[PDB]
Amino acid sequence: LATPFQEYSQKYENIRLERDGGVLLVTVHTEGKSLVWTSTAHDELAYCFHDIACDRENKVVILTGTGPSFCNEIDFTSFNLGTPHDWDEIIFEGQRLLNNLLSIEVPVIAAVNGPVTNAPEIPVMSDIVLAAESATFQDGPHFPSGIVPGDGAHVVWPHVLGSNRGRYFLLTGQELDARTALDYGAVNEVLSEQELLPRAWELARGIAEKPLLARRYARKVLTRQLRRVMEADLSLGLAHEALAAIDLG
């Protein structure tokens, strides 16, 4: 009854999906160029993470982008931000986006190929975070645009960076370069652009060779605290964010 890979691999216009030897490579893109963040990309990721989670033939996941950026452009006009009922669609799919990600029960490796200023919390939620020398991280579309960082940004960044670095990062428009993200512990390795994906594949293949349950349960036992805090705080954030945003108009 689960959707096998042959049925969802071609379902998402902003998500290329390729699998070899059980290693699933997820590449986010807009027509083969670097991803432009939209309502569609947001909702596709939520549905796609569900499909990935429920497909037991995925042994390990690599999340990456294409071209010079991971995602450093947004189309705010693709979203409807004016009313509560419009925001409820965002809240419902925004919960699904992060919760479906956390429901994936294999290790997730991020390969951040350049700047990410929209949804940077997604790659940094990964178990292993690899960054190109050119990678940067910024919470672009929230407080710099007068929007509350209430969509999980508020959970992930204090969780990964620490309390003070996390709050400062979210309130001051801070952009972390690759080596700063490494120093702060958000990134595990900084690699040249050409080395990045080969390294992601190397690590993924080694993990995929580990015993079935050891691999799946390693992921499961390691996501406990993030799941606890996300359940405690995510919906609270989203509802406050929606209220503040509706006040704008």
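Counting begins at 1, following the sequence as shown.
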Which is higher in the entry, the mean Cα B factor of 239-247 or that of 3-11?
3-11
Can you tell me which of 79, 137, 157, 168 has the maximum CA B-factor listed in the PDB entry?
79
Determine which member of 212, 63, 52, 181 has the highest CA B-factor, using the values in the deposited entry.
212
So where's residue 75 on the chain's Cα temperature factor ranking, which third?
highest
By the entry's values, the third containing the CA B factor of residue 189 is the lowest
Taking the chain's C-alpha temperature factors as the reference, tell me which third residue 126 falls into: lowest, middle or highest.
lowest
In terms of the chain's CA B-factor thirds, is residue 223 lowest, middle or highest?
highest
What third of the chain, by the recorded C-alpha B-factor, contains residue 197?
highest
